[PDB]
Structures are given as C-alpha cells and as structure tokens.
Amino acid sequence: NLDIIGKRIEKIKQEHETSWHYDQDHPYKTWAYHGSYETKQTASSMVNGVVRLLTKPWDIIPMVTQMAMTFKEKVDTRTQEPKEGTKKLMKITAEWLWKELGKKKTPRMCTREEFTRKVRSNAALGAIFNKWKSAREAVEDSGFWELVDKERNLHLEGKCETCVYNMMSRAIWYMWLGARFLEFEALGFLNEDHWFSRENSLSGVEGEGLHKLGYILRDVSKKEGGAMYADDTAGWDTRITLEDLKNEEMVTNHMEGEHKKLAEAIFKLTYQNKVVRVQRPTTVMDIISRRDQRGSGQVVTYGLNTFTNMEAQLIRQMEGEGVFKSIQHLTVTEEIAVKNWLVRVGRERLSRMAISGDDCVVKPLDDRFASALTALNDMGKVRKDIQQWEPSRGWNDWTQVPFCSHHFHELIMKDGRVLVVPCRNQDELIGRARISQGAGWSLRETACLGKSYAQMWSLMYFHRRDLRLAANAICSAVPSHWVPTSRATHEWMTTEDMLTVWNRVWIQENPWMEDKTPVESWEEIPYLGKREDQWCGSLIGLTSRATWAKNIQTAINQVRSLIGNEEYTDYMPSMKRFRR
Ligand SMILES: Cc1ccc(NC(=O)[C@@H]2CCCO2)nc1
Ligand SMILES: [Zn+2]
Ligand SMILES: [Zn+2]
C-alpha cells in the first residue's frame with residue numbers, strides 16, 4: 001500500500017494544496033480512494049468529406065451513418081483470488097512459456113534513440129500534453145531527459161514519483177511521455193524484437209498482417225481434432241488478477257544487470273500498484289489506486305495479454321485432456337504430469353492456437369475442451385454472452401470462425417491459384433473510412449486519409465465489388481502524387497502502384513502461393529460470388545448502387561473541383577465495365 005504509492009500521492013496533493021479534500025460522496029467500491037482537487041475540461045468523431053462524397057448510397061444506411069454520431073461500471077469491479085491448484089497451474093505454465101519464448105530471443109533495453117525515432121514518425125504511445133506542446137518537442141529538449149533520469153534513478157532505488165495513469169468496453173490509461181519512455185526502455189523488447197511472432201511464439205500472430213491471418217486459421221484447421229473455439233472474454237483487461245501480473249513479471253528472471261532492476265520496477269511500481277486520475281463531473285479530479293487489472297501502455301498491454309491468453313488457453317486444453325482432476329489442489333504427481341505434458345506436447349498445443357491479445361481461436365485435440373470450464377472461470381477469464389457453466393459452441397468450418405474482427409473466404413482465381421482473403425460486414429468498413437479523429441485537418445490531409453483507406457481496400461478487400469469501385473474512385477479523386485497519411489503490417493501506406501503492391505503481397509512474398517507468375521491487370525483479380533458479396537453487405541443489385549456506379553465520374557469530378565487544379569489519374573478503366 002501507501003509506502004509504494006504515497007510519494008506519487010504526496011506530490012499531487014502539493015500541486016493543488018488550495019483544492020485538496022477527502023470527499024465523503026466518492027463512488028469507488030473496488031478502487032482505494034485518496035482525495036480530490038479542482039479541474040475543468042473534457043474529442044468527438046469527425047466525418048471525412050472526401051470518403052463520404054464518394055460513397056453516396058451509404059448516406060441513407062443507418063448502420064453506416066450512426067457510426068459517426070455520439071463500461072466504467074466494469075472497471076469498478078473485483079476478481080476473486082484463484083484456488084491453489086489454479087495458481088499452481090498458472091505458475092508452472094508461465095515459467096515454461098517465458099523459457100520457450102526466450103529460447104531464440106535475448107531480452108534487452110530499448111534506447112532513447114529508438115524512442116526518439118518512434119515519436120518522430122507518429123506512433124500512438126498514449127502520452128499527455130505541462131511544459132512542452134507535443135511529444136516531438138519534449139524529446140528534442142535535454143531538460144525532459146533530466147526529468148527521465150531523476151525518475152530512472154528513483155526506480156533503481158525501488159521508488160516512484162511521477163508514473164501516474166490518467167483515465168479516459170474500452171479504457172485508455174495515458175501517462176506522461178517520461179513514464180512511457182521508462183516502460184518502453186524496460187519492456188519494449190517484447191514488441192520491438194517480435195517475441196509474439198508466429199515463428200517465435202507458435203500461437204502468436206504479432207506482425208503477421210491481415211493478408212496472412214486467413215492462411216494461419218486454415219493451417220490450424222488442417223490439424224486433427226475437434227471444433228474451432230473462439231470464445232471472447234467479458235472485459236479481458238478488468239479480469240487480469242494480481243496472480244496474472246506476478247506470472248507476467250517472471251520475464252525479469254531472463255534479464256540481468258540494470259535491465260532486470262528497471263523492469264522489476266515497472267512491474268512492482270506501475271503495474272502491481274497503480275495511481276490514476278479520473279474526471280468526475282459531480283468537475284473534480286479523483287486520485288484512486290488499485291493493485292490489479294491491466295493498465296500499461298497499449299503495446300506492452302498487447303504482448304502481456306497475448307502471453308496470459310496463451311497460458312490460459314493451454315491450461316483449458318490441459319483440463320479437456322484430463323491432465324489434472326480438480327483446480328482445488330494439484331497433487332505432487334499432477335505437477336509432474338502438467339510439467340511432462342508441456343515438455344512432451346506444449347509446442348504442438350501452442351500451434352493449435354491463433355492468439356492476438358485477448359482474442360483467440362483454439363482447435364483442441366477433441367470437443368471435451370467445450371465443457372472444460374473450471375480453470376477458465378476460476379482464473380477469472382469468464383466468457384462473454386454465454387452462461388458460466390454452459391459448454392462453448394465451436395465452429396465446424398474455418399471460413400465461419402471470427403478472429404481480429406474478420407472472417408476469411410477461400411477465393412479461386414481464374415488461373416486456379418487460391419487466395420484466402422479477410423472480410424467483414426461492408427457497412428463496418430465504409431462507416432470507419434468515413435470517420436477522422438482530432439481537429440485542424442486541412443482538405444489535403446483529409447484527402448490523404450481517404451487515400452490510405454482506399455489503398456487498404458484495394459489490397460485487403462479487392463474481392464468486395466463496392467470497395468474495389470469506391471477505392472478506384474477515391475484514388476482517381478485525390479492527386480496521384482499525394483502521400484497517404486494516418487494520425488500490423490501496413491503495405492497500403494505507399495505511393496507505389498497498387499497492382500505492384502498487390503503482386504508483392506498476394507503472390508511474390510506469400511508463402512502459401514507456390515506459382516509466382518505475376519498478375520498483369522486488376523481484371524485477373526477475382527471477386528467473391530455475387531450472392532456471398534451481398535451476404536457480407538454489398539449493395540450490388542440496388543438502384544441507388546447502380547446509379548452511383550454508372551455516374552461515378554461525376555462524383556470523382558465533384559471532389560476534384562473542391563481540391564482544385566492538381567495532377568489526377570483516372571483509375572476507373574482498371575475495371576472491365578469502365579474499360580469503354
Ligand atoms: C493481428 C491483426 C493484424 C491486422 C489487423 N487489422 C488491420 O490490419 C486493419 C487495419 C485497420 C483495421 O484492420 N488486425 C489484427
Ligand atoms: Zn515511476
Ligand atoms: Zn465475408
């Protein structure tokens with residue numbers, strides 16, 4: 001308690017000594033509360049006019065138009081301590097998993113140099129605005145790094161002064177850039193050196209790309225076993241237990257020297273003890289603390305979520321295979337049996353999974369997995385939208401399985417080669433491309449964001465009639481040389497010809513494609529079946545859509561007139577119906 005968080009708490013008091021008060025009407029049950037002080041402040045979703053003017057049929061589809069309009073009673077909940085047998089299963093599995101992940105990787109500190117290059121090319125590091133304006137400016141000022149040094153030497157001393165969370169089924173905990181640096185220095189290696197790549201972790205898909213996920217799920221489907229399970233957890237970050245945080249911290253057992261001490265301090269001082277500021281309109285700032293739940297930077301959050309999910313799913317596989325009888329207590333000989341299972345089949349059982357943070361797909365040895373719920377419930381990883389003791393419903397076809405907000409189609413090219421393509425309901429794709437975040441967008445910057453969406457569509461959703469047409473329209477409407485912008489692998493963020501990029505991604509660099517014959521035109525690249533395209537949300541067959549497609553050059557010219565006298569290319573004749 002207060003010997004680890006007091007100093008952060010003490011320091012905040014003094015900066016608002018005029019305003020401090022232990023409010024007696026505080027809403028917190030599960031968070032420890034310390035005091036309150038005076039503030040007054042809050043960023044809505046803005047519409048991208050370039051994308052909207054070129055998707056007119058969708059202006060009357062509420063599933064699209066409602067996306068641009070507009071649980072903190074899940075953060076204020078508690079998770080019970082797991083049973084002794086569950087705690088033993090988790091410790092053995094976590095110890096074994098950090099060893100496996102460490103066999104071909106070397107933990108190492110990330111550098112000021114590396115951190116500086118990140119900020120100077122826009123990565124969402126979840127910092128706050130004070131002394132300097134932006135992240136770019138703080139990193140170029142030696143005073144900042146002296147603040148970093150003071151904290152850093154404080155962490156080597158096993159103490160913390162300035163690493164404080166700011167709160168804002170989502171919850172993003174911003175810290176000041178300095179605290180983010182110290183997190184990146186100690187634990188950035190997990191992401192920077194690809195610890196959760198599929199090659200290194202067997203279950204992971206870190207860095208794989210949306211064009212590979214479908215092929216990965218089809219490879220899982222080829223294994224002998226039961227149904228494919230894809231159970232979502234209800235509020236994963238809120239169900240991370242102190243026992244989870246202690247098993248995650250065992251990565252420090254693989255470290256040495258300074259790095260070991262710096263990482264032990266991030267885990268002890270910022271993860272296993274936390275200090276948070278929350279805006280309450282009743283507008284004061286509340287300073288609350290708790291030991292458990294996830295509240296790290298989003299990139300460290302991804303890797304540790306992947307780790308703990310891999311651990312949880314291996315234990316649920318052990319339960320279905322009858323490796324242990326009860327979570328109440330592991331006998332001495334069940335411990336040897338669990339250890340022996342991991343050594344003997346651990347790597348095979350990891351390859352039966354695709355895991356991206358809290359999101360998983362598991363093809364277990366058989367369907368006993370479906371009703372193996374005691375370890376999963378007791379670890380606090382309670383399934384969403386199913387009763388606690390009701391057996392999981394599995395998927396019989398890898399093309400029906402949800403993963404990373406998509407499903408995957410098998411699409412055969414006119415030349416017989418096989419594409420496995422990502423897909424989701426087309427209203428979600430068009431509704432997201434119509435939204436921008438943040439203020440002060442010029443018309444040029446808005447156009448370049450529309451171009452990023454259009455290029456992603458050409459690369460990942462070319463098989464959807466309406467998106468290949470809308471992508472061609474947007475690329476025809478935005479000046480040819482203007483560079484796509486945004487505020488896993490993003491191959492569409494380029495000014496290279498999209499047919500050349502398509503060839504590189506789907507043919508040349510695609511390890512599931514044996515014949516490397518380049519495609520010469522977009523007309524060789526297939527669509528879904530017309531009925532499948534409608535099932536997944538196409539407007540093909542509607543009067544509104546036919547008028548849009550027929551008159552698309554008039555829409556392209558409306559946008560060109562707004563942007564002005566610039567160099568444009570006509571990409572519409574890449575499509576058969578516009579090719580005269
Ligand atoms: C593991 C993984 C890899 C890729 C993706 N998603 C994407 O690349 C796109 C960018 C915009 C939303 O979808 N999601 C998960
Ligand atoms: Zn600190
Ligand atoms: Zn689909």
Side-chain angles (χ1 to χ4, degrees), residues 4-5 7-8 11 147-165 175-176 178-183 185-186 191 194 196-198 201 203-217 262 264-271 273-275 302-303 305-306 354-361 399-411 420-429 431-433 435 449 452-453 455-457 459-461 463-467 484 486 488-493 505 527-529 531-538:
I4 292 170
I5 60 165
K7 190 154 145 52
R8 266 167 289 181
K11 168 155 195 282
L147 304 185
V148 174
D149 289 325
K150 191 175 152 183
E151 257 294 272
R152 187 157 171 184
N153 282 282
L154 281 174
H155 288 169
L156 300 166
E157 226 184 316
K159 302 150 187 257
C160 185
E161 189 184 291
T162 67
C163 305
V164 167
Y165 288 113
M175 284 173 132
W176 87 280
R180 249 63 188 95
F181 171 67
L182 283 172
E183 173 183 68
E185 165 164 81
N191 188 248
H194 307 303
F196 298 105
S197 69
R198 194 159 192 81
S201 65
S203 302
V205 290
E206 191 278 314
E208 297 303 317
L210 196 60
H211 57 289
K212 297 241 258 200
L213 299 192
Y215 288 107
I216 291 165
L217 290 185
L262 286 176
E264 278 172 12
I266 293 302
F267 277 111
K268 266 186 197 57
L269 303 175
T270 62
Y271 290 4
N273 293 267
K274 322 175 183 42
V275 167
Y302 178 82
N305 282 350
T306 306
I355 304 192
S356 199
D358 63 350
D359 204 1
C360 64
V361 174
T399 69
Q400 300 269 283
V401 171
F403 190 45
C404 303
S405 306
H406 289 73
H407 54 279
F408 301 85
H409 298 260
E410 223 180 20
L411 167 61
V420 176
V421 298
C423 192
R424 65 199 283 186
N425 176 277
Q426 187 186 260
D427 292 343
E428 306 173 8
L429 292 174
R432 306 155 84 70
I435 288 170
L449 182 55
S452 310
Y453 275 101
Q455 298 198 158
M456 162 181 91
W457 292 351
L459 204 58
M460 296 299 109
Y461 307 121
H463 52 83
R464 306 308 306 285
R465 290 169 178 73
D466 297 347
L467 299 187
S486 201
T489 78
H490 285 214
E491 276 93 349
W492 57 88
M493 297 301 287
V505 170
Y527 299 105
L528 301 183
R531 189 184 299 285
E532 299 184 291
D533 205 350
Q534 288 173 329
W535 289 336
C536 292
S538 185

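Starting from 1, each residue takes its place in the sequence as its number. Counting convention: from 1, in listed order, for ligands and their atoms alike.
Of all protein heavy atoms, the one lying nearest to atom 8 (O) of ligand 1 is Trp492 CH2, 3.9 Å. Distance from atom 15 (C) of ligand 1 to its nearest protein heavy atom, with residue and atom name: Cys404 CB, 3.8 Å. Protein heavy atom in closest approach to atom 3 (C) of ligand 1: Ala488 CB, 3.8 Å. Among protein heavy atoms, the minimum distance from atom 11 (C) of ligand 1 is reached at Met456 SD, 4.2 Å.
Using a 4.0 Å threshold on non-hydrogen atoms, atom 1 (C) of ligand 1 counts as touching the protein.
To the nearest 0.5 Å, atom CG of residue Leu269 and atom CD1 of residue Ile266 are 7.5 Å apart. The SG atom of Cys423 sits 10.5 Å away from the CG atom of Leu411 when rounded to the nearest 0.5 Å. Atoms CG and CZ, from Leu147 and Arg152 in turn, are 14.0 Å apart once rounded to the nearest 0.5 Å.
With the Zn ion (ligand 3) as the vertex, SG (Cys423) and NE2 (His407) define an angle of 100°, rounded to 10°. In this structure, SG of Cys160 and SG of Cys163 enclose an angle of 110° at the Zn ion (ligand 2), rounded to 10°.
Among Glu491, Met460, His406, the residue whose heavy atom lies nearest to atom 13 (O) of ligand 1 is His406. Comparing heavy-atom distances from atom 7 (C) of ligand 1 across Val205, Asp359, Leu210 singles out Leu210 as nearest.
Note on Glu161: not counted as a metal contact of the Zn ion (ligand 2), no N/O/S atom lying under 2.8 Å.
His409 contributes atom NE2 as its closest N/O/S atom to the Zn ion (ligand 3). Here the N, O or S atom of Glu151 that is nearest to the Zn ion (ligand 2) is OE1.
In this structure, a donor-acceptor pair under 3.5 Å is present between the side chains of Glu183 and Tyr271.
Near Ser356, with a cut-off below 4.0 Å to any heavy atom, the atoms of ligand 1 are 1 (C).
Shown here is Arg424, whose CZ atom has more than 12 heavy atoms of other residues, nucleotides or ligands within 6.0 Å.
With a 4.5 Å cut-off on side-chain heavy atoms, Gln400 and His407 do not count as touching. Counting heavy atoms from C-beta outward, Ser356 and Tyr302 have side chains that approach closer than 4.5 Å. When side chains are defined from C-beta on, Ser197 counts as touching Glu208, because their heavy atoms get closer than 4.5 Å.
Using the six-membered ring where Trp is involved, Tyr461 and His406 have ring planes that are parallel, under 30° apart on the 30 and 60° scheme.
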